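K.L.:
One structure, pasted below without further comment.
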Amino acid sequence: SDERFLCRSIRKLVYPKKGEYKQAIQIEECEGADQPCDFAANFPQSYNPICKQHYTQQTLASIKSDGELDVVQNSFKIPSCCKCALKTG
Amino acid sequence: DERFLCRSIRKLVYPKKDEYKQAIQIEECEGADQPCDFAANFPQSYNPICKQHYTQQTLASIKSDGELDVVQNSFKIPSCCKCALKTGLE
């Protein structure tokens, strides 16, 4: 098309194992996890550009009377973003 | 730490119409539509711009005849900020 991305990834629907419509969760997975990103050769091999998979997690938070923030997170990670990572600073 | 071509902010948000409320993890572009870092390392015919991506509540129903009925009437959730190489005209 008219838009190219450095990292090939796949977006799809996943259905929650614990539960007139069904609610599917959208996810994005890196097709080639950690393999160099397109046009890597245009970057110094110093920072080897590779495709990194990112996740989001169901998050429950509670703020106590003393302001303490208590967070609870689902053990199940949800693939959410496949972007190019550079070894820079 | 590993750098990315587009600066973004990962943050916790609350949807607003035991005592734990649902907080939604989001990723906003720090400068969407602005050029990606190291744009000069890409062929000059391309226009590398930071693009904001979203995910959204997706309700699906399959009829008895196989027809799929989709409902996506919720709000969009900033989910990923990544570099998009806009192809030159030709």
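In chain A, numbers come from Swiss-Prot; the residues present are 224-242, 257-326, in order.
Just so it is clear, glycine is given a Cβ too, placed from its N, Cα and C backbone atoms.
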K.L.:
What does Swiss-Prot give as the disulfide partner of A:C321, choosing from A:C274, A:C318?
P.N.:
A:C274
K.L.:
Would you mind checking which of A:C288, A:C318 shares a disulfide with A:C230 in Swiss-Prot?
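P.N.:
That record, Swiss-Prot, gives the partner as A:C288.
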K.L.:
Chain B sits near which of the disulfide-bonded residues A:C267, A:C274, A:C288, counting only a Cβ gap under 8 Å?
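P.N.:
Among the disulfide-bonded residues A:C267, A:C274, A:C288, not one has a Cβ sitting under 8 Å from a Cβ of chain B.
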K.L.:
Please list residues from the chain of A:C321 (disulfide bond) whose Cβ is under 8 angstroms from its Cβ, counting only those at least six apart in sequence.
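P.N.:
Same-chain residues close to A:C321 (disulfide bond) (Cβ under 8 Å, separated by 6 or more) are A:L229, A:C230, A:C274, A:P286, A:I287, A:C288, A:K289.
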K.L.:
With 14 residues left unmodelled between A:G242 and A:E257, could you check how far apart their Cα atoms sit, in whole angstrom?
P.N.:
14
K.L.:
Hey, what's the Cβ neighbour count for A:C288 (disulfide bond) at 10 Å?
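P.N.:
So the number of other Cβ atoms within 10 Å of A:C288 (disulfide bond) is 23.
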K.L.:
Which has the fewest other Cβ atoms within 10 Å: A:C230, A:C267, A:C274, the disulfide-bonded residues listed?
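P.N.:
Among the disulfide-bonded residues A:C230, A:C267, A:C274, the sparsest Cβ neighbourhood within 10 Å belongs to A:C267.
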